[PDB]
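**Student:** To start, I am sharing the structure in question, which I have written as structure tokens.
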Amino acid sequence: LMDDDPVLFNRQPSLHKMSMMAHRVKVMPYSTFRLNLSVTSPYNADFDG
Amino acid sequence: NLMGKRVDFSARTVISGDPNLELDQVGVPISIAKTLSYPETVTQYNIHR
Amino acid sequence: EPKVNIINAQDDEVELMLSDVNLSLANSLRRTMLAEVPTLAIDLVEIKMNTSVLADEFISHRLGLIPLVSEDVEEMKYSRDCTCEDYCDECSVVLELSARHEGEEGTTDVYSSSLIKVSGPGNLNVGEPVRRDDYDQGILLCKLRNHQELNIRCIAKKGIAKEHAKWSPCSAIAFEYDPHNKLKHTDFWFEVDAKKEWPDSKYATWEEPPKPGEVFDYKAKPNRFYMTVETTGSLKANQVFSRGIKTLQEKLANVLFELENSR
Amino acid sequence: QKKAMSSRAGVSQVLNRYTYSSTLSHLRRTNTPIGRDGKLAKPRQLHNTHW
Amino acid sequence: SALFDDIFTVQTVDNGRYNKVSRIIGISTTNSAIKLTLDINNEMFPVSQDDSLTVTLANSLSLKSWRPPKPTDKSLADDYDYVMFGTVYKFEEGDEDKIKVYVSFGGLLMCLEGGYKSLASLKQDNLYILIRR
Amino acid sequence: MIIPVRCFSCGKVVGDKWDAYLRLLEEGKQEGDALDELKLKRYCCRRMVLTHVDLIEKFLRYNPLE
Amino acid sequence: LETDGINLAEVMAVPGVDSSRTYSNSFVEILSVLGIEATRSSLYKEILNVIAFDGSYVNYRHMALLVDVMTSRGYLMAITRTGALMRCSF
Amino acid sequence: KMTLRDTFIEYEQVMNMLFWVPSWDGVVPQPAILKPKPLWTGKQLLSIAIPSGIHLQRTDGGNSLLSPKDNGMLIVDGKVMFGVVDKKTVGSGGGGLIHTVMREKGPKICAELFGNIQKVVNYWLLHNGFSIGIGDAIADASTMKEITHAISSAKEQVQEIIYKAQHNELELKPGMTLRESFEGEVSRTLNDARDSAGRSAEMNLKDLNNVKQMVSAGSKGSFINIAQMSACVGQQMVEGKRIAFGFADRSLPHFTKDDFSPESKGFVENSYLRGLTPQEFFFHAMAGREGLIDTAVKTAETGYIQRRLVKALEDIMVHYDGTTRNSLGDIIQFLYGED
Amino acid sequence: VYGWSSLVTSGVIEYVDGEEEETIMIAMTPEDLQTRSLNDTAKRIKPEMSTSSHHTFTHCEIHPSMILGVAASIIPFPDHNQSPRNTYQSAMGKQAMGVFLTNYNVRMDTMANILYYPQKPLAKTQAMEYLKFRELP
Amino acid sequence: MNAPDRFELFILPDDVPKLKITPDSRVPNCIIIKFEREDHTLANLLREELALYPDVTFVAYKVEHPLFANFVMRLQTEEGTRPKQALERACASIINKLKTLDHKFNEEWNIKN
Amino acid sequence: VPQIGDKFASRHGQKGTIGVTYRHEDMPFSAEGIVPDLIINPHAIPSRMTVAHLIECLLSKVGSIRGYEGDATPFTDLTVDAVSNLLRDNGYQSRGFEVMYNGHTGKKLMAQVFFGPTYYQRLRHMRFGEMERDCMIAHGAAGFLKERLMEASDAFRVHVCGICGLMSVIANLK
Ligand SMILES: [Mg+2]
Ligand SMILES: [Zn+2]
Ligand SMILES: [Zn+2]
Ligand SMILES: [Zn+2]
């Protein structure tokens with residue numbers, strides 16, 4: 001998997017159609033997915049685990 | 001009743017924020033990137049890389 | 001143009017005033033002391049036999065944080081700079097520790113003074129653990145009961161605090177400027193009165209307070225920085241300051257050489 | 001074991017050992033065996049008598 | 001050169017809710033019906049009530065990337081103490097000879113009230129305001 | 001478990017002052033005075049020394065396995 | 001007037017009452033009295049009231065589609081719950 | 001914080017902030033102040049990140065074009081003329097800057113706007129600083145006295161209502177009994193008291209108060225949070241009523257029988273800063289447990305309803321003739337949305 | 001030996017269950033036993049206690065902080081928090097890391113987590129004395 | 001596993017150059033310099049040293065993401081000079097300042113000895 | 001060893017994971033050179049109204065300065081003003097605010113920072129269903145539905161005679 005590769009990304013539950021979206025991959029070290037802050041609100045997610 | 005196959009086209013893990021990412025970008029660990037794979041067909045343009 | 005005034009000077013810490021320099025230069029110098037001053041620290045631990053109640057990685061990590069005398073650490077070379085296989089006498093210091101408790105009573109305390117410098121790049125003055133005095137036992141390493149023994153061989157190498165904090169030669173660097181907030185670099189939170197609700201800086205007497213009728217000086221820039229440097233005993237404070245200046249100079253010289261060679 | 005049907009489950013649990021306070025909390029726990037005859041919210045409310 | 005020039009007396013100085021910005025109101029001494037409501041910086045140009053200010057409005061400082069001006073070069077700003085640059089965002093041609101000019105210097109607002117003869121040349125896009133004393 | 005070698009926040013060597021701290025507490029000196037006599041100015045070192053629990057003294061009670 | 005209980009025809013037949021504007025919140029008897037189109041209008045009104053009580057906004061087209069689905073067959077349809085291979089799979 | 005009227009940036013910080021914009025064109029704007037020292041306002045460096053050709057007008061509270069309170073918003077050619085930028089502009093509401101850029105430029109420019117604004121604002125906040133402390137929840141002596149006076153007056157009014165009810169001198173609301181009318185009047189009085197105390201606490205707050213900054217920005221918190229932290233927690237609320245008499249005609253054994261005083265049935269005069277008395281603590285715990293249970297059942301009910309709704313309208317699709325038909329081919333709407 | 005049972009049998013402390021609490025009058029604190037005849041904004045506001053001219057108390061609480069459980073006794077200043085936060089902290093407390101026992105070396109459990117350098121909290125409560133928290137933090 | 005080695009934060013691989021230079025054609029006489037295995041310690045010093053020069057019209061630096069030990073700097077001078085020569089001038093000036101500072105500190109310490 | 005993604009929590013339900021780790025020189029520092037072990041977001045405070053977190057921080061700072069452990073027992077006579085007076089008697093700001101310097105540049109921060117010790121504990125914990133199908137149906141990407149229904153299932157190619165319809169086909173692709 002490489003940079004700029006479109007990948008589908010989802011949070012459960014997927015109540016609405018933009019709870020699952022296509023993003024562009026950026027490969028970076030360490031063991032957490034990284035997201036922009038502004039897309040956390042449509043995902044209805046926080047970084048508490 | 002069915003068993004026997006090797007599918008590794010999905011992943012799930014914890015997330016964190018990153019202000020230095022675009023709205024459509026997602027950070028991916030190197031281990032997760034190596035675990036997943038994309039099948040690309042060899043052409044004349046992409047043969048070298 | 002730059003001027004240095006030393007306020008207090010002793011073996012482990014130095015408090016001074018730095019004037020006629022830019023703020024970024026002082027901040028970079030402080031960062032250079034904090035991170036990029038090479039010292040000597042234990043980096044490889046070979047445990048021959050351990051019977052204590054502490055884990056092997058526990059005692060190894062505790063051994064890693066022991067300060068070592070790094071006065072002549074400049075003459076040594078990095079591990080990747082040495083063509084010898086693994087490690088040799090010119091790029092590492094070999095120390096050994098052997099402790100045991102005898103008898104059915106009492107508890108034996110293993111300190112850092114038990115560490116003995118088996119070998120090193122002679123006749124350089126490095127490798128010895130730092131002792132406050134001649135009679136001081138030093139850092140408490142472990143505790144042993146009856147029939148409990150510890151036999152460890154350690155290798156000490158040269159590094160910088162960027163790689164791991166155990167090579168950091170400084171503990172805390174106090175750094176401040178503009179005690180009276182003449183430049184208005186900060187806005188003071190208050191409930192009734194800002195002046196009464198905020199303690200005076202310890203250097204408030206070194207600069208005259210502003211007069212009530214004074215107007216703001218928009219062309220003024222920070223010029224005097226009061227800083228106190230404390231060391232862990234691996235290097236004296238004057239040595240730390242000089243080596244930080246030398247490290248920054250070497251970095252700038254390397255950049256200059258790269259620019260010249262780029263043509 | 002012959003009467004596993006209608007046998008109350010969860011009475012015995014593996015003792016928690018994550019930390020001392022967790023063990024102490026586990027040793028002082030009470031469980032209410034709902035039997036579909038409750039009114040949902042009513043058994044889950046914090047009553048005044050619990051003072 | 002200079003599109004407008006006048007001398008104003010400050011009626012009131014309003015510090016308002018800000019510590020660095022004051023909104024002042026001024027009346028031209030040479031002629032009434034010309035009012036100036038301008039937001040200025042306290043630290044850069046402190047002002048007081050009942051002060052005389054020489055106000056000039058121009059379109060260029062000559063006698064697109066910005067640069068720090070060299071000491072060798074000179075401009076109109078050498079003759080004044082407080083120079084600001086901004087964008088004209090409203091030109092209200094109201095009833096009869098009531099004309100309003102609304103200019104925003106980076107969020108600091110200026111409203112000029114006057115007749116057509118004084119404000120005819122001010123129909124520009126960007127303006128420099130120069131205040132002396 | 002045992003006294004840490006260095007302060008977590010700043011990095012001052014505090015592992016050599018545990019015995020001195022206990023001995024100072026033996027003479028009935030207050031904890032603040034004992035910390036002051038050890039030249040622990042910043043409160044990071046003060047919380048490093050003050051809040052430590054010497055659990056190893058329990059671990060040494062059990063008979064060794066060899 | 002707001003009256004507890006539902007009897008639409010008798011209320012509309014009462015003199016002094018505007019029989020052309022009487023409304024009810026029970027759309028079943030609205031269908032039994034007024035008709036299917038009035039039922040669609042009343043059910044849309046009810047769903048809009050429920051949605052907009054708290055102040056939220058939903059586009060009209062979604063609710064229009066929902067009410068049209070619910071009233072497409074000429075009667076109310078509640079939102080509530082062959083192949084040999086599937087027959088043998090069961 | 002950056003788009004405030006009295007925010008000025010030095011030249012070097014302006015260059016650093018401008019370089020942080022991926023879409024910057026390399027032309028430094030002229031500073032708002034030229035003499036005696038160049039100075040840029042925060043509005044200029046925010047307008048740097050806004051693409052050109054964007055216009056937006058918003059009027060807040062009937063503000064004039066002169067904008068004495070710096071409210072409203074005016075953006076001309078991708079430049080902010082006046083108005084503090086807050087949730088009313090860069091939020092998710094309709095008609096905002098994001099919506100305008102979406103409708104005007106397109107998805108790519110709208111996506112890049114997020115990154116530009118975030119980078120600029122994050123650098124400025126990194127080199128400016130922001131925090132919150134305990135002192136932000138403390139009111140002065142005068143406001144505390146005012147809050148205490150309001151609470152005491154409300155308690156006296158509640159006592160008067162109790163006295164009127166106990167002598168059959170309370171007006172009966174139509175279609176509802178005397179006891180619930182009395183309870184409703186008491187609840188209304190207590191709610192008005194809490195609102196008044198919180199309002200006084202809100203008008204106390206200085207502009208340097210970090211909680212007030214958060215509330216004004218809209219990022220986190222609201223007026224009720226300030227009211228509960230500084231002035232009064234308020235009446236604890238159970239199943240649409242006050243605290244019921246769990247014991248024999250008394251909420252707790254520490255109260256005498258038939259006690260309708262506000263403290264007896266779950267009114268928390270103290271704020272979170274002051275601390276809660278044990279009875280208030282227990283009542284607050286009861287209210288919190290009820291809220292947790294209600295949320296836990298409501299989420300399940302909504303999930304079931306949503307799943308059933310999706311199952312109902314799964315096979316509805318707009319065809320090429322403009323009609324809206326199901327899988328069977330039956331027409332649901334002759335035109336999608338009637339338009 | 002004079003202990004808790006000696007206190008109980010001497011008639012100064014007695015046990016009451018939930019059903020007996022219906023018929024007794026309880027005071028929060030000993031200070032509530034004696035009615036006073038101040039005006040400080042820092043302290044909290046106690047109940048007025050003006051429904052009755054005089055109160056005939058039959059029992060007094062030993063300490064209100066004893067109404068909490070073991071998990072809630074770890075929270076410093078629980079009276080200054082919202083109740084859902086207290087519930088969340090109580091739930092998350094069991095997932096913490098610490099020294100569960102001093103004989104962890106000799107035991108063989110499926111999973112065990114041991115912190116290197118536990119420290120007693122700087123802000124403690126009285127109940128922490130009886131939970132051995134300052135000895136096994 | 002996913003965390004890179006710590007020594008790579010300062011030890012530069014031989015294949016990757018220490019310093020990379022590209023031009024910027026949007027405005028005249030402007031260059032972009034990529035520094036590897038460096039951070040704010042050198043970056044801020046060089047930037048604010050260059051910002052005081054009369055012939056320097058624009059100087060800035062940034063670190064795109066903290067997990068990568070590299071930064072970038074944009075430098076544009078006037079037509080009379082070139083950005084490179086200004087860069088060596090700044091480096092030499094800082095070297096001289098540090099040398100003077102070290103000499104003065106040594107003298108003061110010897111006096112206080 | 002703690003790293004990115006590991007969870008920690010205070011004693012008031014303020015759980016959070018590590019986003020990034022900064023070295024000693026990159027952290028903000030007070031006038032005494034003290035750098036924080038943790039930096040937490042202020043926005044977590046006003047929404048949850050955890051005033052006890054701030055009070056515990058203030059009390060811990062006072063206790064560490066004076067050399068004792070504070071008493072945070074609920075339903076006591078302790079007030080915030082008393083702790084503030086105790087802190088102010090020790091030469092610090094009464095509300096716990098401190099003047100902090102930026103790590104990168106050394107310039108003073110405009111806003112003072114709440115700063116002090118606090119008790120933190122490390123936490124232990126280190127499918128394509130129907131709703132995803134509905135979401136992708138709403139997006140209208142039928143190809144992805146086909147791929148999920150085949151690749152994430154037991155799909156396999158089978159050659160069948162068009163006349164007999166039995167399993168009697170031999171195929172040579174080359
Ligand atoms: Mg979450
Ligand atoms: Zn070697
Ligand atoms: Zn320390
Ligand atoms: Zn066939």
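Residue numbering restarts at 1 in every chain; chains get A, B, ... in the order shown in the structure tokens, and ligands count up from 1 in that same order.
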Near chain K, meaning an atom within 10 Å, which residues of chain H appear when counting only C-alpha atoms? Write them as an MDAnalysis selection string.
**Tutor:** chainID H and resid 125:138 208 210:211 214:215 219:222 225:226 228:229 272:278 281 307 310:311 314:315
**Student:** Would you mind exporting C-alpha atoms of the selected residues as a tab-separated table (two decimals), in the first residue's frame?
**Tutor:**
```tsv
chain	number	residue	atom	x	y	z
H	125	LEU	CA	-1.75	29.51	18.37
H	126	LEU	CA	1.50	27.59	18.85
H	127	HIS	CA	3.44	30.83	19.02
H	128	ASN	CA	0.76	32.66	21.05
H	129	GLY	CA	-0.44	30.21	23.68
H	130	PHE	CA	-3.78	29.38	25.29
H	131	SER	CA	-4.82	27.71	28.52
H	132	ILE	CA	-7.55	27.31	31.14
H	133	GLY	CA	-7.26	27.38	34.92
H	134	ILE	CA	-9.20	27.20	38.15
H	135	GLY	CA	-9.27	30.99	38.43
H	136	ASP	CA	-11.46	31.13	35.32
H	137	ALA	CA	-14.31	29.63	37.38
H	138	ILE	CA	-14.14	32.19	40.22
H	208	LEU	CA	-9.55	37.59	29.37
H	210	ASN	CA	-10.62	31.60	29.14
H	211	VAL	CA	-14.04	29.99	29.64
H	214	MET	CA	-14.21	29.24	24.61
H	215	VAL	CA	-17.92	30.03	24.81
H	219	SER	CA	-15.52	25.53	20.21
H	220	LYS	CA	-16.62	24.03	23.54
H	221	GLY	CA	-18.96	24.78	26.41
H	222	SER	CA	-22.03	26.97	26.67
H	225	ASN	CA	-21.72	25.21	31.89
H	226	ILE	CA	-20.62	28.63	33.17
H	228	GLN	CA	-23.16	25.47	36.89
H	229	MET	CA	-19.43	25.95	37.46
H	272	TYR	CA	-19.27	23.02	41.35
H	273	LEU	CA	-16.48	25.34	42.50
H	274	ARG	CA	-17.94	25.62	46.01
H	275	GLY	CA	-18.68	21.91	46.34
H	276	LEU	CA	-21.86	19.95	46.96
H	277	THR	CA	-23.40	18.99	50.28
H	278	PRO	CA	-24.02	15.23	50.72
H	281	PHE	CA	-24.35	15.02	45.88
H	307	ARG	CA	-32.66	0.02	10.58
H	310	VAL	CA	-33.55	1.63	5.76
H	311	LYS	CA	-35.15	-1.78	5.20
H	314	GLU	CA	-33.98	0.14	0.30
H	315	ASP	CA	-34.99	-0.20	-3.36
```
**Student:** Show me which residues are within 10 Å of ligand 2 counting only C-alpha atoms and all ligand atoms, and format the list as a ChimeraX atom specification.
**Tutor:** /C:76-92,121
**Student:** Write out, as a CSV table (one decimal), in the first residue's frame, the residues just selected, with N, CA, C and O atoms.
**Tutor:**
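Below is the file that was written, part35.csv:
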```csv
chain,number,residue,atom,x,y,z
C,76,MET,N,37.1,10.2,22.0
C,76,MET,CA,36.5,8.9,21.6
C,76,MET,C,35.7,9.1,20.3
C,76,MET,O,35.3,10.2,19.9
C,77,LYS,N,35.4,8.0,19.6
C,77,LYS,CA,34.7,7.9,18.4
C,77,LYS,C,33.4,7.2,18.5
C,77,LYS,O,33.2,6.4,19.4
C,78,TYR,N,32.4,7.5,17.6
C,78,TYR,CA,31.2,6.8,17.6
C,78,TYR,C,31.4,5.3,17.2
C,78,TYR,O,32.4,4.9,16.6
C,79,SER,N,30.4,4.5,17.6
C,79,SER,CA,30.4,3.1,17.2
C,79,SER,C,30.4,2.9,15.7
C,79,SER,O,31.2,2.0,15.2
C,80,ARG,N,29.6,3.7,15.0
C,80,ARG,CA,29.6,3.6,13.5
C,80,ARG,C,30.8,4.2,12.9
C,80,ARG,O,31.1,4.0,11.7
C,81,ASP,N,31.6,5.0,13.6
C,81,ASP,CA,32.8,5.6,13.1
C,81,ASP,C,34.0,4.7,13.3
C,81,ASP,O,35.1,5.0,12.8
C,82,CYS,N,33.9,3.5,13.9
C,82,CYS,CA,35.0,2.6,14.2
C,82,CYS,C,34.9,1.4,13.3
C,82,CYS,O,33.8,0.8,13.2
C,83,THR,N,36.0,1.0,12.6
C,83,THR,CA,36.0,-0.1,11.7
C,83,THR,C,36.1,-1.4,12.4
C,83,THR,O,36.0,-2.5,11.8
C,84,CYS,N,36.3,-1.4,13.7
C,84,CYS,CA,36.4,-2.7,14.5
C,84,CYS,C,35.1,-3.4,14.5
C,84,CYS,O,34.0,-2.8,14.5
C,85,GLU,N,35.2,-4.7,14.5
C,85,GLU,CA,33.9,-5.5,14.6
C,85,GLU,C,33.4,-5.3,16.0
C,85,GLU,O,34.1,-5.3,17.0
C,86,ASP,N,32.0,-5.3,16.1
C,86,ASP,CA,31.3,-5.0,17.4
C,86,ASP,C,31.8,-3.7,18.0
C,86,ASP,O,31.6,-2.6,17.6
C,87,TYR,N,32.6,-3.9,19.1
C,87,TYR,CA,33.2,-2.8,19.9
C,87,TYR,C,34.6,-3.1,20.2
C,87,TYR,O,35.0,-4.3,20.4
C,88,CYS,N,35.4,-2.1,20.3
C,88,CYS,CA,36.8,-2.2,20.6
C,88,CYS,C,37.2,-1.3,21.8
C,88,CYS,O,36.3,-0.7,22.4
C,89,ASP,N,38.5,-1.3,22.1
C,89,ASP,CA,39.0,-0.4,23.2
C,89,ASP,C,39.0,1.1,22.9
C,89,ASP,O,39.0,1.9,23.8
C,90,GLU,N,38.9,1.4,21.6
C,90,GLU,CA,39.0,2.8,21.2
C,90,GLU,C,37.6,3.4,21.0
C,90,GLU,O,37.5,4.6,20.6
C,91,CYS,N,36.5,2.7,21.2
C,91,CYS,CA,35.2,3.2,21.0
C,91,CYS,C,34.2,2.8,22.1
C,91,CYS,O,33.0,3.1,21.9
C,92,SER,N,34.7,2.2,23.2
C,92,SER,CA,33.8,1.8,24.3
C,92,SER,C,34.6,1.7,25.5
C,92,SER,O,35.8,1.6,25.5
C,121,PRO,N,39.7,3.4,26.7
C,121,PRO,CA,40.7,3.9,25.8
C,121,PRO,C,41.7,4.8,26.5
C,121,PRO,O,41.6,6.0,26.5
```
**Student:** With only C-alpha atoms as the counted atoms, please give the residues lying no more than 10 Å from residue 97 in chain E, apart from itself and same-chain residues fewer than 5 positions off, as a count of residues only.
**Tutor:** 6
**Student:** Using only C-alpha atoms and all ligand atoms, which residues of the polymer chains come no farther than 10 Å from ligand 4? I'd like the answer as number ranges by chain.
**Tutor:** K: 160-169
**Student:** Compile the residues of chain K that lie within 6 Å of chain I, evaluated using only C-alpha atoms, and express the compilation as a PyMOL selection string.
**Tutor:** chain K and resi 11-13+50-52+60+69-74+119+121-124
**Student:** Could you tell me, counting only C-alpha atoms and all ligand atoms, which protein and nucleic acid residues lie no more than 10 Å from ligand 3, written as JSON, numbers by chain?
**Tutor:** {"C": [171, 172], "F": [6, 7, 8, 9, 10, 11, 12, 13, 14, 40, 41, 42, 43, 44, 45, 46, 47, 48, 49], "K": [33, 34, 35]}
**Student:** Ligand 1: which residues are within 9 Å, counting only C-alpha atoms and all ligand atoms? Reply as number ranges by chain.
**Tutor:** A: 44-49
**Student:** Residues as selected, N, CA and C atoms, written as a PDB file, in the first residue's frame, can you do that?
**Tutor:**
```pdb
ATOM      1  N   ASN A  44     -18.200  11.257  13.851  1.00  0.00           N
ATOM      2  CA  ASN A  44     -18.659  11.201  15.238  1.00  0.00           C
ATOM      3  C   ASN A  44     -17.722  10.329  16.076  1.00  0.00           C
ATOM      4  N   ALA A  45     -16.455  10.731  16.098  1.00  0.00           N
ATOM      5  CA  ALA A  45     -15.415   9.964  16.763  1.00  0.00           C
ATOM      6  C   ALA A  45     -14.510  10.898  17.551  1.00  0.00           C
ATOM      7  N   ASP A  46     -13.880  10.337  18.577  1.00  0.00           N
ATOM      8  CA  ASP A  46     -12.861  11.016  19.359  1.00  0.00           C
ATOM      9  C   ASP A  46     -11.671  10.081  19.519  1.00  0.00           C
ATOM     10  N   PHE A  47     -10.552  10.641  19.980  1.00  0.00           N
ATOM     11  CA  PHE A  47      -9.305   9.896  20.099  1.00  0.00           C
ATOM     12  C   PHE A  47      -9.098   9.310  21.489  1.00  0.00           C
ATOM     13  N   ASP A  48     -10.177   8.951  22.184  1.00  0.00           N
ATOM     14  CA  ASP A  48     -10.096   8.342  23.503  1.00  0.00           C
ATOM     15  C   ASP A  48      -9.908   6.830  23.440  1.00  0.00           C
ATOM     16  N   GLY A  49      -9.449   6.306  22.308  1.00  0.00           N
ATOM     17  CA  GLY A  49      -9.292   4.880  22.123  1.00  0.00           C
ATOM     18  C   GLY A  49     -10.227   4.248  21.113  1.00  0.00           C
TER      19      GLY A  49
END
```
**Student:** Excluding residue 30 in chain A and residues on its chain fewer than 5 positions from it, collect all residues at most 9 Å away from it, counting only C-alpha atoms, and give them as a PyMOL selection string.
**Tutor:** (chain B and resi 28-31) or (chain J and resi 1-4) or (chain K and resi 3-5)
**Student:** With a distance cut-off of 9 Å and only C-alpha atoms, select the neighbouring residues of range 69-86 of chain E, excluding the residue or stretch itself and same-chain residues fewer than 2 positions from it, and output the selection as JSON, numbers by chain.
**Tutor:** {"E": [44, 45, 54, 60, 61, 62, 63, 66, 67, 88, 103, 104, 105, 106, 107, 108, 125, 126, 127, 128, 129, 130, 131, 132, 133], "H": [30, 31, 32, 33, 34, 35, 36], "J": [54]}
**Student:** Which polymer residues have any atom within 8 Å of an atom of range 150-154 of chain C, counting only C-alpha atoms, with same-chain residues fewer than 2 positions away left out, as number ranges by chain?
**Tutor:** C: 42-52, 94-100, 148, 156
**Student:** Please write the residues from the selection above to a file, keeping N, CA and C atoms, as a compact mmCIF listing (two decimals), in the first residue's frame.
**Tutor:**
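Listing of part.txt after writing:
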```
# COMPACT_ATOMS: atom_id res chain seq x y z
N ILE C 42 26.09 4.11 29.56
CA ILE C 42 26.05 2.67 29.35
C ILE C 42 24.96 2.34 28.34
N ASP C 43 25.33 1.61 27.29
CA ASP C 43 24.41 1.28 26.21
C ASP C 43 24.25 -0.21 25.97
N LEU C 44 25.16 -1.04 26.45
CA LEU C 44 25.05 -2.49 26.31
C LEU C 44 25.29 -3.13 27.67
N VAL C 45 24.37 -4.00 28.08
CA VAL C 45 24.45 -4.68 29.37
C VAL C 45 24.37 -6.17 29.12
N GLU C 46 25.40 -6.90 29.55
CA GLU C 46 25.44 -8.35 29.46
C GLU C 46 25.35 -8.91 30.88
N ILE C 47 24.25 -9.57 31.18
CA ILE C 47 23.98 -10.08 32.52
C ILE C 47 24.44 -11.53 32.56
N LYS C 48 25.54 -11.78 33.28
CA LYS C 48 26.05 -13.14 33.38
C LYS C 48 25.19 -13.99 34.30
N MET C 49 24.75 -13.43 35.42
CA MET C 49 23.95 -14.18 36.38
C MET C 49 23.26 -13.20 37.31
N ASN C 50 21.94 -13.31 37.41
CA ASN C 50 21.12 -12.39 38.19
C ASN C 50 20.16 -13.21 39.04
N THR C 51 20.22 -13.02 40.36
CA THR C 51 19.34 -13.71 41.29
C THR C 51 18.50 -12.75 42.12
N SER C 52 18.58 -11.45 41.85
CA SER C 52 17.86 -10.47 42.64
C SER C 52 16.37 -10.50 42.30
N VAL C 94 34.56 -0.67 29.10
CA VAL C 94 34.05 -1.90 29.68
C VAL C 94 34.12 -1.79 31.20
N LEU C 95 32.96 -1.86 31.85
CA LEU C 95 32.85 -1.85 33.30
C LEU C 95 32.24 -3.17 33.76
N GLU C 96 32.47 -3.50 35.03
CA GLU C 96 31.96 -4.74 35.59
C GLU C 96 31.44 -4.49 37.00
N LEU C 97 30.42 -5.25 37.38
CA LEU C 97 29.84 -5.19 38.71
C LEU C 97 29.62 -6.61 39.21
N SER C 98 30.06 -6.88 40.43
CA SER C 98 29.88 -8.19 41.05
C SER C 98 29.55 -7.97 42.52
N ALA C 99 28.33 -8.31 42.91
CA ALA C 99 27.87 -8.09 44.27
C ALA C 99 27.19 -9.35 44.80
N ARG C 100 27.32 -9.57 46.10
CA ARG C 100 26.70 -10.72 46.74
C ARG C 100 26.49 -10.40 48.21
N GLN C 148 21.63 -14.27 47.28
CA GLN C 148 21.29 -13.53 46.07
C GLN C 148 22.54 -12.83 45.56
N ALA C 156 29.91 1.00 27.88
CA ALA C 156 29.53 2.41 27.81
C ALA C 156 30.04 3.00 26.51
```
**Student:** Would you list, as a ChimeraX atom specification, the residues of range 2-174 of chain K that end up in helix (DSSP H, G or I) under DSSP run on this structure's backbone?
**Tutor:** /K:44-48,51-66,80-88,130-139,142-151
**Student:** Need to verify the contact set: residue 116 in chain I, 9 Å, only C-alpha atoms, exclusion of same-chain residues closer than 4 positions in sequence. Can you return it as a ChimeraX atom specification?
**Tutor:** /C:58 /F:1-2 /I:98-99
**Student:** Return the single residue from H:39, H:73, H:46, H:227 that is closest to chain C, with distances computed using only C-alpha atoms.
**Tutor:**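 Checking each of H:39, H:73, H:46, H:227 against chain C, counting only C-alpha atoms, the winner is H:39.
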**Student:** So how far away is CA of residue 201 in chain H from CA of residue 117 in chain K, in Å?
**Tutor:** 29.4 Å
**Student:** Quick one: pull the distance between CA of residue 8 in chain C and CA of residue 21 in chain C, Å, one decimal.
**Tutor:**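 Between CA of residue 8 in chain C and CA of residue 21 in chain C the gap works out to 20.3 Å.
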**Student:** Only residues of chain B matter here; which ones have an atom within 12 Å of chain K, counting only C-alpha atoms? Give them as a PyMOL selection string.
**Tutor:** chain B and resi 1-19+29
**Student:** Counting only C-alpha atoms, which residues of chain D come no farther than 12 Å from chain K, as a list in words?
**Tutor:**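 Those within range of chain K come out as residues 17, 18 and 19 of chain D.
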